[PDB]
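> Build the 3D model from these lines:
(5 chains, ligands or ions: 1)
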Amino acid sequence: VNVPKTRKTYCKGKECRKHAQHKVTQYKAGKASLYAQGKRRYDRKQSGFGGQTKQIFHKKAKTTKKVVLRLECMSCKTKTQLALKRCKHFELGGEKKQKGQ
Amino acid sequence: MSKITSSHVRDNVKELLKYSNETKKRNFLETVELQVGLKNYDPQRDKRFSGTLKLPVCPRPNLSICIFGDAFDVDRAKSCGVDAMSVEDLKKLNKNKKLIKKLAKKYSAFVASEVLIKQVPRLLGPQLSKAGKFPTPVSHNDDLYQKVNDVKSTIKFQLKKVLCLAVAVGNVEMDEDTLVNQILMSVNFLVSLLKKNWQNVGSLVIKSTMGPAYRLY
RNA sequence: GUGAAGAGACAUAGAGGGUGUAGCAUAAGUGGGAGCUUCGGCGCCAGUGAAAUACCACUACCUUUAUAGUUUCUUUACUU
RNA sequence: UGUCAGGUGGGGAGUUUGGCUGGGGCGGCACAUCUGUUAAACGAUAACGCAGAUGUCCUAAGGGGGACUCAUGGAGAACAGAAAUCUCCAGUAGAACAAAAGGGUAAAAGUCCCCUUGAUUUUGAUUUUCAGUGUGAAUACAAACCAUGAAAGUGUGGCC
RNA sequence: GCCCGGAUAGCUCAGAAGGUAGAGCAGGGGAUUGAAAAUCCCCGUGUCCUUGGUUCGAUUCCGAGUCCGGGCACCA
Ligand SMILES: [Zn+2]
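Residues are numbered from 1 along each chain as shown, chains lettered A, B, ... in the order given. Take a look at the structure below.
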């Protein structure tokens, strides 16, 4: 699916708190950081004799993954998140259009 | 030390400007520039940003100005030291490649009115390009006598494809303690682009046209 | 534990190293830039091009080494 | 020789190695879903019954307003021919609407042209499977903020 | 999910830093010989995987994006 790039929409803002222009970039997940509570709980447990003291998923059936759009405002540059249905291809901008050959 | 070597910042200037043997001595007004060496010198994959930041104290290597104003600005320009130009006159300049190079290399400063910022960068653009001397934002209701300071105050900050900048910092006409001051401002705008300036109090010389081996940091 | 001699540098160095094309001519780039110099000469000026040259400086890219600094080390000797 | 780290290691140690199913196994999916029928004129309803679909595609094929009529047939126009483009007459849909099948639609929900982001925000109520639990989808408002049109209105994604 | 390598005429394989688009496989004709082969000569064949970009100019270089073929990682 293709999307327009910039688009008007509601932002919470608190200034503001109305319709305004936005940028559009794609959301990517952050690096695991190595000092969260679950990682520390995992590494403490997994050290001694036993080997893999938890489940390892490898029955991955479905192919795709949902596309998410990071919207960034123009004035105060606050940010929002709007999800999108599952699709294989995704061009964020912007090969219009065409129609009327 | 003492906010980037304040002891030998003005004695550096005092020994250069008022000297014929050390500083040659040209008839036009001798302008001064800086140089600094950071540890942040990477060619980069993203390519360089280039943001033309202004300075309140005036940079200004301004010898000649070739404007493009009409109606209001032709009356104002002819009274001042500058000289006016028409829209049809631009077509005569472009008709041969030689006269475009005269306007590119020497005539550095520019003034273009609100209606004449919709025909300019087509013909000059490719031939000019590397110099980067394009017009300044001006309307019909400006003073022109005052507008000479606005072009003079503004300066380019383009960094691409080489590990150096050279921003001007006053001249013979300006005051002693301004030049430098300006030194605080000039380095601060490099810190705006980069992350690590290396390291607030860094390196300098003073290169005023014939700035000799006086060699700084 | 105790002794000897070959190698990668980081200071920190300027001698240079640059020949497609058009351009007097072997243009790595970037700025200031209309005179330095007793005269000499070379630039501004003019001109060829994507880019202008002297006179001053800063940064790269390559060779050089003669610094007693880091150690990847690498080679042998001495008995407890 | 001691402590820690990287490889090798069925030589040895521990444990698992789906389900439905005209016996099991081999096939198949009837194991989450959807259309028509079997289904006996409210709803409900079985079999490895019958004919078939889904793990997507779309900034337009979403939203609003304005123009205009499609299948096919007949009669005519140089090259032009059963089939190119042009014009008139008849034309209840016999066309088209992203795909399976059924329903629905004609000054349109089809075809073409102009402007845009209701595929937006804050939370609850409610139908369907139903233990009247969840999941998915769908419907009707409140307070906002916008789009479009002269307006009435319509719009909280794809005609269902 | 990581950090690497390769793509070129119908087929197959060079290319190589600075300025080109090429040997072969063939395919088409000439020259030679009493002919039939082998050898000298002259042709036709390109989005250089794909896009914007980068560039005085570039398939290269330079940095993006997708298509082909190989490695060290694995708590929903
Ligand atoms: Zn805002």
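> The residue most central in space within chain B and RNA strand C, how far apart?
Taking CA atoms, centre = their mean, the centroid of chain B lies closest to residue B:155, which sits 4.1 Å from it. Distance, residue B:155 to RNA strand C, by CB to the nearest atom of the strand, to the nearest Å: 9 Å. Where you see a C-beta, it was placed from the backbone N, CA and C, and this is true even at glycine.
> what residues are up against that residue?
For residue B:155, the contact set (CB atoms under 8 Å, 6 or more residues apart in numbering or on different chains) comprises B:52, B:54, B:55, B:59, B:167, B:168.
> can you do 10 Å?
Neighbour list for residue B:155: B:52-55, B:58-61, B:167-169, B:186, B:189 [criterion: CB atoms under 10 Å, 6 or more residues apart in numbering or on different chains].
> What of residue B:190?
Taking CB under 10 Å, 6+ apart, one finds B:36, B:38, B:40, B:53, B:157, B:159, B:165, B:167, B:197, B:202 in contact with residue B:190.
> Mind doing that once more with 6 Å?
If a contact means CB atoms under 6 Å, 6 or more residues apart in numbering or on different chains, then residue B:190 has no contacts.
> part of a helix, is it?
Yes. Assigned with DSSP: H, G, I helix; E, B strand; the rest coil, residue B:190 falls within a helix.
> Residue in chain A with the shortest distance to the ion?
Nearest to the ion, among the residues of chain A, is residue A:13, at 3.6 Å (CB to the ion).
> what about that residue, how many residues close to it?
13 (other CB atoms under 10 Å in any protein chain shown).
> Could you look up the SS state of it?
From three-state DSSP, the assignment for residue A:13 is coil.
> how near is it to residue A:4?
22 Å (CB to CB, to the nearest Å).
> Residue B:71 now?
Using CB to CB, residue B:71 is found at 41 Å from residue A:4.
> And for residue A:34?
Between residue A:34 and residue A:4 the computed distance is 39 Å (CB to CB).
> What is the burial count for residue 24?
Since no chain was named, I'll use chain A. Neighbours of residue A:24 under the rule other CB under 10 Å: 17.
> Chain B, not that one
13.
> List the contacts of it.
residue B:210.
> Check residue B:77 too.
Here residue B:77 is in contact with B:67, B:69, B:84, B:144 (criterion: CB under 6 Å, 6+ apart).
> how about 8 Å then?
B:67, B:69, B:83, B:84, B:111, B:144.
> Next up, the contacts around residue 1.
No chain in the question, so chain A it is. Applying CB under 8 Å, 6+ apart, the residues contacting residue A:1 are A:67, A:84, A:87, A:89, A:90, A:91.
> The chain in question should be chain B.
residue B:201.
> With residue B:97 as the reference, measure out to the closest residue to residue A:93 other than its chain neighbours.
Nearest residue to residue A:93, sequence neighbours excluded (CB to CB, 6 or more residues apart in numbering or on different chains): residue A:5, at 3.8 Å. Residue A:5 sits 39 Å away from residue B:97, taking CB to CB as the criterion.
> near RNA strand C, which of the contacts of residue A:1 show up?
Taking CB under 7 Å from any atom of the strand as the test, RNA strand C is in contact with none of these.
> Out of those residues, flag the one nearest to RNA strand C.
Of all the contacts of residue A:1, RNA strand C sits closest to residue A:91, with 35.6 Å by CB to the nearest atom of the strand.
> Compute the number of surrounding residues for the residue nearest to residue A:93.
By the criterion of other CB under 10 Å, residue A:5 has 12 neighbours.
> ok, which stretches of chain A are helices?
A:37-45 (DSSP state H).
> Over to chain B?
Using DSSP H, helices in chain B cover B:2-5, B:10-17, B:72-79, B:87-94, B:98-105, B:125-128, B:147-153, B:178-193.
> sorry, back to before: which one (most neighbours) among the contacts of residue A:1?
residue A:67 (18 neighbours).
> which ones are touching that one?
Neighbours of residue A:67 in contact, by CB under 8 Å, 6+ apart: A:1, A:26, A:83, A:84, A:86, A:87, A:90.
> Counting neighbours, what do you get for the closest residue to RNA strand E within chain A?
Of all residues in chain A, residue A:57 sits closest to RNA strand E, at 3.3 Å by CB to the nearest atom of the strand. Close neighbours of residue A:57, defined as other CB under 10 Å, add up to 5.
> I'd like to know how far it sits from residue B:194.
Distance from residue A:57 to residue B:194, by CB to CB: 44 Å.
> Over to residue B:90?
The gap separating residue B:90 from residue B:194 is 39 Å, by CB to CB.
> swap in residue B:53?
To residue B:194, residue B:53 is 13 Å away according to CB to CB.
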